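K.L.:
Got a structure for you, questions after.
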Amino acid sequence: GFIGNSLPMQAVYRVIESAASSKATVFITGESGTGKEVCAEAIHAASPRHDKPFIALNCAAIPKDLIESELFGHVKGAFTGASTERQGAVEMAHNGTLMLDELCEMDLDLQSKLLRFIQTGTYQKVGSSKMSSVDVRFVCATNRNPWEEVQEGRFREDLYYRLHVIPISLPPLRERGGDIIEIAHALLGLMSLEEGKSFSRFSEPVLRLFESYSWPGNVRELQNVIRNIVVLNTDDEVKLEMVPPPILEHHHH
Ligand SMILES: CC(C)(C)COC(=O)CNc1n[nH]c(=O)[nH]c1=S
């Protein structure tokens with residue numbers, strides 16, 4: 001799902017291709033908005049497991065006390081709101097790839113259970129005593145510094161060294177050269193389709209601004225900017241006056 005042939009991304013692509021044939025755990029880091037799930041899916045797609053499921057568990061989009069239920073499943077009646085027997089992400093990912101996204105959101109109790117599961121493949125549904133097992137290839141990702149999280153006692157040390165086998169550091173958007181405009185063009189067409197518009201090009205000032213702006217929010221911020229432009233304007237061409245703040249203002253500091 002990655003777009004672009006920039007020098008730093010081509011190093012990423014080589015690691016993805018080599019790692020895909022291995023079952024070794026991948027640990028993706030990088031600034032917010034750099035494409036960790038895109039990277040995780042690309043590893044799966046290049047792997048011999050590509051025809052099996054790819055499952056992403058976003059530990060941030062879930063309350064911390066419910067990550068275990070989302071990960072391992074639960075039986076009906078396990079806790080108060082357990083109206084149904086839920087199948088965990090580990091079961092959805094059996095014979096495939098499981099992405100543990102924003103993994104550092106797990107509490108230390110769940111990190112202990114996860115350490116067990118990563119070693120043995122065994123787990124229990126929440127509220128159940130029965131042991132089960134699955135075969136998943138792990139891909140971990142976080143926007144925190146996984147090492148600082150270990151130092152501040154927030155992440156298990158033995159868990160870190162079990163997961164940090166194949167690290168991948170995604171480059172920030174500002175360092176990806178021609179990728180910025182290529183991604184911007186893809187977003188322009190897609191958001192035009194989503195909004196019923198027909199933008200097809202960027203004016204030269206907009207291209208210069210996009211290529212020199214630091215994009216602290218990376219591709220997420222670029223998505224915001226393109227959506228802002230397409231929603232608020234109707235034209236074939238993106239003009240400089242359409243670019244929202246703080247793009248020009250913070251670019252000059
Ligand atoms: C239309 C499309 C595919 C650009 C929308 O999807 C996303 O923006 C996902 N993020 C990325 N896509 N492509 C990259 O080269 N890098 C990143 S981070």
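Following the order of the structure tokens, chains are lettered A, B, ..., residues in each are numbered from 1, and ligands are numbered from 1.
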What residues have any atom no more than 7 Å from ligand 1 when counting only C-alpha atoms and all ligand atoms, and can you list them as an MDAnalysis selection string?
P.N.:
chainID A and resid 1:4 33:35 38 179 183 186:187 190 219 223
K.L.:
I need the chosen residues saved as an mmCIF file, in the first residue's frame, with C-alpha atoms.
P.N.:
data_model
loop_
_atom_site.group_PDB
_atom_site.id
_atom_site.type_symbol
_atom_site.label_atom_id
_atom_site.label_comp_id
_atom_site.auth_asym_id
_atom_site.auth_seq_id
_atom_site.Cartn_x
_atom_site.Cartn_y
_atom_site.Cartn_z
ATOM 1 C CA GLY A 1 0.000 0.000 0.000
ATOM 2 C CA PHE A 2 3.073 2.194 0.141
ATOM 3 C CA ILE A 3 3.483 4.854 -2.535
ATOM 4 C CA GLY A 4 6.831 6.096 -3.733
ATOM 5 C CA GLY A 33 1.290 9.206 10.595
ATOM 6 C CA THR A 34 4.164 7.383 8.905
ATOM 7 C CA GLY A 35 2.177 4.286 7.882
ATOM 8 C CA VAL A 38 0.462 -0.070 5.764
ATOM 9 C CA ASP A 179 6.878 10.509 -2.388
ATOM 10 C CA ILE A 183 0.950 10.523 -2.195
ATOM 11 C CA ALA A 186 -3.332 9.794 -4.913
ATOM 12 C CA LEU A 187 -5.139 11.467 -2.013
ATOM 13 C CA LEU A 190 -9.492 9.627 -3.813
ATOM 14 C CA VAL A 219 0.741 11.404 6.026
ATOM 15 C CA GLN A 223 -4.635 13.647 4.487
#
K.L.:
Need to verify the contact set: segment 112-128 of chain A, 12 Å, only C-alpha atoms, exclusion of same-chain residues closer than 4 positions in sequence. Can you return it as an mmCIF file with C-alpha atoms, in the first residue's frame?
P.N.:
data_model
loop_
_atom_site.group_PDB
_atom_site.id
_atom_site.type_symbol
_atom_site.label_atom_id
_atom_site.label_comp_id
_atom_site.auth_asym_id
_atom_site.auth_seq_id
_atom_site.Cartn_x
_atom_site.Cartn_y
_atom_site.Cartn_z
ATOM 1 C CA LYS A 23 8.209 -15.777 11.066
ATOM 2 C CA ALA A 24 10.426 -13.481 13.154
ATOM 3 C CA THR A 25 8.506 -10.717 14.889
ATOM 4 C CA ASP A 65 -9.611 -2.852 30.334
ATOM 5 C CA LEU A 66 -11.074 -4.336 27.121
ATOM 6 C CA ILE A 67 -7.907 -4.987 25.101
ATOM 7 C CA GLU A 68 -7.695 -8.514 26.513
ATOM 8 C CA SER A 69 -11.244 -9.309 25.383
ATOM 9 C CA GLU A 70 -10.487 -7.932 21.912
ATOM 10 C CA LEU A 71 -7.203 -9.849 21.704
ATOM 11 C CA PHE A 72 -8.106 -13.249 23.210
ATOM 12 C CA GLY A 73 -11.913 -13.156 23.019
ATOM 13 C CA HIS A 74 -14.376 -13.725 25.829
ATOM 14 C CA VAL A 75 -17.226 -16.036 26.738
ATOM 15 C CA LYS A 76 -20.786 -14.821 27.236
ATOM 16 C CA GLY A 77 -21.045 -13.699 30.853
ATOM 17 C CA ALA A 78 -17.299 -13.209 31.378
ATOM 18 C CA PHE A 79 -17.888 -9.652 32.606
ATOM 19 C CA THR A 80 -20.874 -7.339 32.949
ATOM 20 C CA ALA A 82 -20.550 -9.698 27.797
ATOM 21 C CA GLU A 85 -19.266 -14.876 23.017
ATOM 22 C CA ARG A 86 -16.608 -12.901 21.154
ATOM 23 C CA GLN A 87 -13.843 -14.433 19.063
ATOM 24 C CA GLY A 88 -10.491 -12.808 19.742
ATOM 25 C CA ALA A 89 -8.128 -11.246 17.237
ATOM 26 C CA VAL A 90 -5.730 -14.164 17.768
ATOM 27 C CA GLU A 91 -8.365 -16.543 16.406
ATOM 28 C CA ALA A 93 -5.456 -14.234 12.623
ATOM 29 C CA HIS A 94 -4.828 -17.994 12.865
ATOM 30 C CA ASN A 95 -2.421 -19.117 10.093
ATOM 31 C CA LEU A 98 -1.525 -10.259 13.690
ATOM 32 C CA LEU A 100 -0.387 -5.378 17.583
ATOM 33 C CA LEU A 103 1.095 -2.105 21.705
ATOM 34 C CA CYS A 104 2.422 0.056 24.547
ATOM 35 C CA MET A 106 -1.535 -2.575 27.147
ATOM 36 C CA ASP A 107 -1.349 -2.663 30.923
ATOM 37 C CA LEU A 108 1.357 -4.728 32.601
ATOM 38 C CA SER A 132 -6.468 -22.873 23.050
ATOM 39 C CA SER A 133 -3.671 -22.247 20.589
ATOM 40 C CA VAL A 134 -3.176 -20.545 17.219
ATOM 41 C CA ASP A 135 -0.326 -19.890 14.777
ATOM 42 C CA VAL A 136 0.172 -16.162 14.131
ATOM 43 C CA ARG A 137 3.070 -14.148 12.769
ATOM 44 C CA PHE A 138 3.463 -11.043 14.934
ATOM 45 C CA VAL A 139 3.966 -7.469 13.783
ATOM 46 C CA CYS A 140 4.247 -4.881 16.570
ATOM 47 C CA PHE A 155 6.626 -2.069 29.322
ATOM 48 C CA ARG A 156 7.927 -5.497 30.296
ATOM 49 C CA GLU A 157 11.622 -5.951 29.563
ATOM 50 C CA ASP A 158 11.428 -9.662 28.721
ATOM 51 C CA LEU A 159 8.492 -8.895 26.420
ATOM 52 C CA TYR A 160 10.487 -6.198 24.613
ATOM 53 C CA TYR A 161 13.408 -8.507 23.805
ATOM 54 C CA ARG A 162 11.044 -11.257 22.653
ATOM 55 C CA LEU A 163 9.378 -8.861 20.179
#
K.L.:
With distances taken over only C-alpha atoms, which residue among A:143, A:32, A:129, A:151 lies nearest residue 215 of chain A?
P.N.:
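Between A:143, A:32, A:129, A:151, the residue approaching residue 215 of chain A most closely is A:32.
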K.L.:
Would you please work out which residue, of A:17, A:101, A:249, A:211, is nearest to residue 47 of chain A when using only C-alpha atoms?
P.N.:
A:17
K.L.:
So that I can check the secondary structure, give me every residue of segment 95-220 of chain A assigned strand (DSSP E) by backbone DSSP, as a PyMOL selection string.
P.N.:
chain A and resi 97-101+122-123+132-133+137-141+166-169+201-202
K.L.:
Using only C-alpha atoms for the distances, tell me which of A:214, A:10, A:46, A:27 is nearest to residue 147 of chain A.
P.N.:
A:27
K.L.:
What residues in segment 33-222 of chain A get the DSSP label helix (DSSP H, G or I)? Please answer as a VMD selection string.
P.N.:
chain A and resid 36 to 46 64 to 72 89 to 92 103 to 105 108 to 120 146 to 151 157 to 163 173 to 175 179 to 195 204 to 212 218 to 222
K.L.:
For residue 227 of chain A, please output as a ChimeraX atom specification all residues within 9 Å (counting only C-alpha atoms; exclusion window: fewer than 2 positions along the same chain).
P.N.:
/A:187-188,191-192,195,222-225,229-232
K.L.:
Please dump the current selection as a PDB file, in the first residue's frame; keep N, CA and C atoms.
P.N.:
ATOM      1  N   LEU A 187      -4.130  10.976  -2.944  1.00  0.00           N
ATOM      2  CA  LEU A 187      -5.139  11.467  -2.013  1.00  0.00           C
ATOM      3  C   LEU A 187      -6.083  12.449  -2.691  1.00  0.00           C
ATOM      4  N   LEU A 188      -5.555  13.285  -3.587  1.00  0.00           N
ATOM      5  CA  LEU A 188      -6.402  14.252  -4.277  1.00  0.00           C
ATOM      6  C   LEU A 188      -7.475  13.556  -5.104  1.00  0.00           C
ATOM      7  N   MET A 191      -9.962  11.624  -2.481  1.00  0.00           N
ATOM      8  CA  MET A 191     -10.864  12.503  -1.750  1.00  0.00           C
ATOM      9  C   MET A 191     -11.808  13.243  -2.691  1.00  0.00           C
ATOM     10  N   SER A 192     -11.383  13.509  -3.930  1.00  0.00           N
ATOM     11  CA  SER A 192     -12.315  14.056  -4.908  1.00  0.00           C
ATOM     12  C   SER A 192     -13.464  13.088  -5.156  1.00  0.00           C
ATOM     13  N   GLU A 195     -15.817  13.120  -2.123  1.00  0.00           N
ATOM     14  CA  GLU A 195     -16.551  14.365  -1.932  1.00  0.00           C
ATOM     15  C   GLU A 195     -17.336  14.805  -3.161  1.00  0.00           C
ATOM     16  N   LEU A 222      -1.066  15.306   5.939  1.00  0.00           N
ATOM     17  CA  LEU A 222      -1.298  15.491   4.509  1.00  0.00           C
ATOM     18  C   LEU A 222      -2.727  15.110   4.133  1.00  0.00           C
ATOM     19  N   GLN A 223      -3.229  14.000   4.679  1.00  0.00           N
ATOM     20  CA  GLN A 223      -4.635  13.647   4.487  1.00  0.00           C
ATOM     21  C   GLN A 223      -5.562  14.761   4.962  1.00  0.00           C
ATOM     22  N   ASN A 224      -5.288  15.332   6.143  1.00  0.00           N
ATOM     23  CA  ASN A 224      -6.105  16.437   6.651  1.00  0.00           C
ATOM     24  C   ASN A 224      -6.102  17.606   5.677  1.00  0.00           C
ATOM     25  N   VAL A 225      -4.918  17.978   5.187  1.00  0.00           N
ATOM     26  CA  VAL A 225      -4.797  19.135   4.308  1.00  0.00           C
ATOM     27  C   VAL A 225      -5.543  18.895   2.999  1.00  0.00           C
ATOM     28  N   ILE A 229      -8.870  20.910   1.657  1.00  0.00           N
ATOM     29  CA  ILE A 229      -8.907  21.594   0.369  1.00  0.00           C
ATOM     30  C   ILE A 229     -10.105  21.128  -0.455  1.00  0.00           C
ATOM     31  N   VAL A 230     -10.319  19.813  -0.534  1.00  0.00           N
ATOM     32  CA  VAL A 230     -11.378  19.295  -1.397  1.00  0.00           C
ATOM     33  C   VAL A 230     -12.755  19.633  -0.830  1.00  0.00           C
ATOM     34  N   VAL A 231     -12.902  19.604   0.499  1.00  0.00           N
ATOM     35  CA  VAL A 231     -14.204  19.901   1.098  1.00  0.00           C
ATOM     36  C   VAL A 231     -14.542  21.385   0.961  1.00  0.00           C
ATOM     37  N   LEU A 232     -13.555  22.269   1.106  1.00  0.00           N
ATOM     38  CA  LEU A 232     -13.842  23.700   1.156  1.00  0.00           C
ATOM     39  C   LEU A 232     -13.768  24.395  -0.199  1.00  0.00           C
TER      40      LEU A 232
END
K.L.:
Do you know which residues are at most 8 Å from residue 9 of chain A counting only C-alpha atoms, after dropping those on the same chain fewer than 6 positions away, and could you put them as JSON, numbers by chain?
P.N.:
{"A": [170, 171, 176]}
K.L.:
Store the residues picked out above, limited to N, CA and C atoms, as a short mmCIF file (atom, residue, chain, number, x, y, z; two decimals), in the first residue's frame.
P.N.:
data_model
loop_
_atom_site.label_atom_id
_atom_site.label_comp_id
_atom_site.auth_asym_id
_atom_site.auth_seq_id
_atom_site.Cartn_x
_atom_site.Cartn_y
_atom_site.Cartn_z
N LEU A 170 10.18 3.69 10.16
CA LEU A 170 9.64 4.33 8.97
C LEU A 170 10.12 5.77 8.87
N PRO A 171 10.53 6.22 7.69
CA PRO A 171 11.02 7.60 7.55
C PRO A 171 9.88 8.60 7.62
N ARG A 176 11.02 11.97 2.50
CA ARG A 176 10.67 11.01 1.46
C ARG A 176 10.66 11.62 0.06
#
K.L.:
Taking only C-alpha atoms into account, which of A:55, A:168, A:150, A:131 comes nearest residue 11 of chain A?
P.N.:
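Nearest to residue 11 of chain A: A:168.
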K.L.:
Rounded to one decimal place, report the atom CA of residue 83 of chain A-atom CA of residue 97 of chain A distance in Å.
P.N.:
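Result for atom CA of residue 83 of chain A versus atom CA of residue 97 of chain A: 28.0 Å, one decimal.
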K.L.:
So the first atom is atom CA of residue 164 of chain A and the second is atom CA of residue 145 of chain A; what is the distance between them in Å, to one decimal place?
P.N.:
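Computed distance, atom CA of residue 164 of chain A to atom CA of residue 145 of chain A, equals 12.3 Å.
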